[PDB]
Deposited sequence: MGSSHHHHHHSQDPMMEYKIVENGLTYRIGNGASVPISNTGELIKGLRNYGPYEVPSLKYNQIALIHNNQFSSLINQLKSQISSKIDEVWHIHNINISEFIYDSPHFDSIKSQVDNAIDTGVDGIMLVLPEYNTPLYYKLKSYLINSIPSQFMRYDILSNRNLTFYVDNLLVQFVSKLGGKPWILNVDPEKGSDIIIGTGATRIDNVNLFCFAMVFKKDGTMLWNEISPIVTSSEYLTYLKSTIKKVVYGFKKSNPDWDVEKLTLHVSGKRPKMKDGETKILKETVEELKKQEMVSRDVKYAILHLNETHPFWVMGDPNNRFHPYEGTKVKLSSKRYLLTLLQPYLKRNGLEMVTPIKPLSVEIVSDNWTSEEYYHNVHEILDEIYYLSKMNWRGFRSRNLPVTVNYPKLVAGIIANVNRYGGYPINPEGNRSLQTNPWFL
């Protein structure tokens, strides 16, 4: 009987898109974003196109009636050529007029141009890309519907959160680890989440080589907890869970030792409670299968190894492996704490803000994968480096959606 909390104290069942959208119309999102300009720019090269005009009308009406963001104006900016220089001029024109976000329509598939512009925008202002070639042969309403879930989130809104019991679960969950972007290079990440699935803070390392992995893992985690604790000084962390994921160097014994060391150092500096109870978990997507009745099903493979059959004639299953690699739990509370962390992981698999029907995979694993896609391709095609440190908007918003 799990539900999403949306606006005005209302709650709606999970797994029901139609009831969610209707819920949003009646009660609004959990948090409407507070804008500075009440202005979005739409940037395209199809000035008097009838479909740009229908796009804009659906966006304008849905922002108001579904997302309850009232009195928004959409200004258009036209670029003459679909080249970086020409598009960047309109982007810069829009920014200097004062806009809260940019909706950027590209004409065709162009990976280098996309990653160059996306990395520029990430460093500048919340943004949402669109492809005009795909838009044409597409049902517009489903297009704009899902599009605005992530754009409103990038603007700082909170579409919905999970209703969870404040007596149960982790005070915070840190999704951490690293992801390879090629055979030698990787970056480390650390993301602090509330048990209701909301991202509180994120940090990423520079792109480094696998030999630098453990050094930057500890430093990225210390960075994220320092940043989180500076902005939530009165947040008491007495129960802490780490979700470690990502295709990363296979140094499991060394990694667990450095993670355990990090927690005790954070405990040294009173970043977490005096006797914080913690567990370090490895989360791994495994081979999908199809059942030829499983929602919330937990499978025990061994004393420290579990599997969650996450649902997405036939029932496709995306199983998630969960291994408890370390914990300071007593043996009396152990099984109870196991049930809580596996429940928590299942709850977090309901919390992705990429659209209304997102992939059901824990946000602690999926959001770092979205970050990896951007970082990998910006390094591959030469865009602007993305540096969250020092930039509160990047540290506190889901810029990666």
{"item": "Where the deposited sequence has no C-alpha coordinates (positions from 1, in order)", "value": "1 to 23, 316 to 323, 344 to 352"}
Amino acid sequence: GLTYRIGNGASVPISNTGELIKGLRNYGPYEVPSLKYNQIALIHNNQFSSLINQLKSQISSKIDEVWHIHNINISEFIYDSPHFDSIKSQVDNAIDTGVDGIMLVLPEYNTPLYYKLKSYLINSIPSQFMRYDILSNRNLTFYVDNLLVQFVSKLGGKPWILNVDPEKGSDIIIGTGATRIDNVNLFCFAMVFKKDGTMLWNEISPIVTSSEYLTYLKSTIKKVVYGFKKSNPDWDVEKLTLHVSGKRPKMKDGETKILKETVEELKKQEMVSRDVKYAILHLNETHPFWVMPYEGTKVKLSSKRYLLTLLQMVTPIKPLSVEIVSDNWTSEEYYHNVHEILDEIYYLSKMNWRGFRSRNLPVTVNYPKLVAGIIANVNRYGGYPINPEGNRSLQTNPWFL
From here on, numbers count along this sequence of modelled residues.
query: Between 8 to 16 and 386 to 394 (mean CA B-factor, as deposited), the higher; finding: 386 to 394
query: Between 80 to 88 and 267 to 275 (mean CA B-factor, as deposited), the higher; finding: 267 to 275
query: Peak C-alpha temperature factor (PDB record), options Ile172, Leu200, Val322, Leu311; finding: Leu311
query: Largest Cα B-factor, entry values, listed residues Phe48, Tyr346, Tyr30, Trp67; finding: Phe48
query: Third assignment of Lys168 from its chain's C-alpha B-factors; finding: highest
query: Third of chain Cα B-factors occupied by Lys252; finding: highest
query: Modelled-residue ranking by C-alpha temperature factor, third containing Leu42; finding: middle
query: Cα B factor band for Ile204 (lowest, middle or highest third within the chain); finding: lowest
query: Third of the chain's Cα B-factor distribution that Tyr143 belongs to, per the entry; finding: highest
